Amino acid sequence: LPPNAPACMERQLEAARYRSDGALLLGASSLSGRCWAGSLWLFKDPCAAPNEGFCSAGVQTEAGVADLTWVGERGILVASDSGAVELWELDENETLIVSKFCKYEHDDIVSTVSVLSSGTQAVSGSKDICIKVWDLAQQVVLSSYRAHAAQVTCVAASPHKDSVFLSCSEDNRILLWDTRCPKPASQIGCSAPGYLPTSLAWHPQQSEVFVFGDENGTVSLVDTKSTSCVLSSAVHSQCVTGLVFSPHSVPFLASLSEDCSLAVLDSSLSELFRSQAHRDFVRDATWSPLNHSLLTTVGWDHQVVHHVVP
């Protein structure tokens, strides 16, 4: 048990992210009980998670963590329940996690964060309906955007373009953004409302296609240049809370859900793997950089599962 690391780790795991070298980042919140807070953990041994005594580093936040993302190899970007976007930075020894900035710019729970391609900027989405573009170097907001009409559910930065990112919201809009245009946002997707979009994943190869899941368990594949929704599949029985593409050259798509299941999909959205390992909500997923068929999932049942993918 490293110093400054809590003796116990909050029951509700939100985030699970593998760094370049294969170390596991864990975000957790306390969503019940006397104290509602959160913590950030680093597990250089991924098979030792979730155990608190076998971690490389850990720290406590003031409030829960709703979304998480790496910022390079030592930075950790946190969406807080406090309305703060937080940047934590790893130790030089990589045995502590030290707060870098805590900026209260949102007026409600920050629900989603995503780093832009340069790694020097990020976009956060919140329940206050605003979307903000940050300078991680300066620790300030560059732009604040009220494009949506309800809470922002997900913001996904473009893989290779600082200017471009997706957002979606409970106002049923999927917005493709490009801060180069004077009206930066652009409403895309089908004209029929469908169901509320809940998760977005850019495609890692074809920088003009993305996938989005909805609150009705459907996953959809979309080209930002041609026509309208070419492909979709009913993968889940409840909301789709996450979509993660595998590192493979022809990538696989991981699909998370409140129906407590994981699914792995190919390029045509057909079903390959399916896992019932979780007994509560499946919250995040990351593929291992080292072994590309290993797939980690965390959930509110406090399980960290490691899947082998055929």
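Just count from 1 along the sequence shown to find any residue number.
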> Taking the recorded C-alpha temperature factors, which stretch has the higher mean, 223-231 or 202-210?
Replying inline: 223-231
> Per the entry, where is the mean C-alpha temperature factor higher: 189-197 or 133-141?
Replying inline: 189-197
> Based on the PDB record, which member of 65, 272, 282, 31 exhibits the highest Cα temperature factor?
Replying inline: 272
> Can you tell me which third, lowest, middle or highest, the CA B-factor of residue 88 falls into for its chain?
Replying inline: highest
>> Going by the CA temperature factor in the PDB record, which third of the chain does residue 110 belong to: lowest, middle or highest?
In response: lowest
> Compared with the other modelled residues in the chain, in which third is the CA B-factor of residue 97?
Replying inline: highest
> Among the chain's modelled residues, which third holds the C-alpha B-factor of residue 81?
Replying inline: lowest
> So where's residue 296 on the chain's Cα temperature factor ranking, which third?
Replying inline: middle
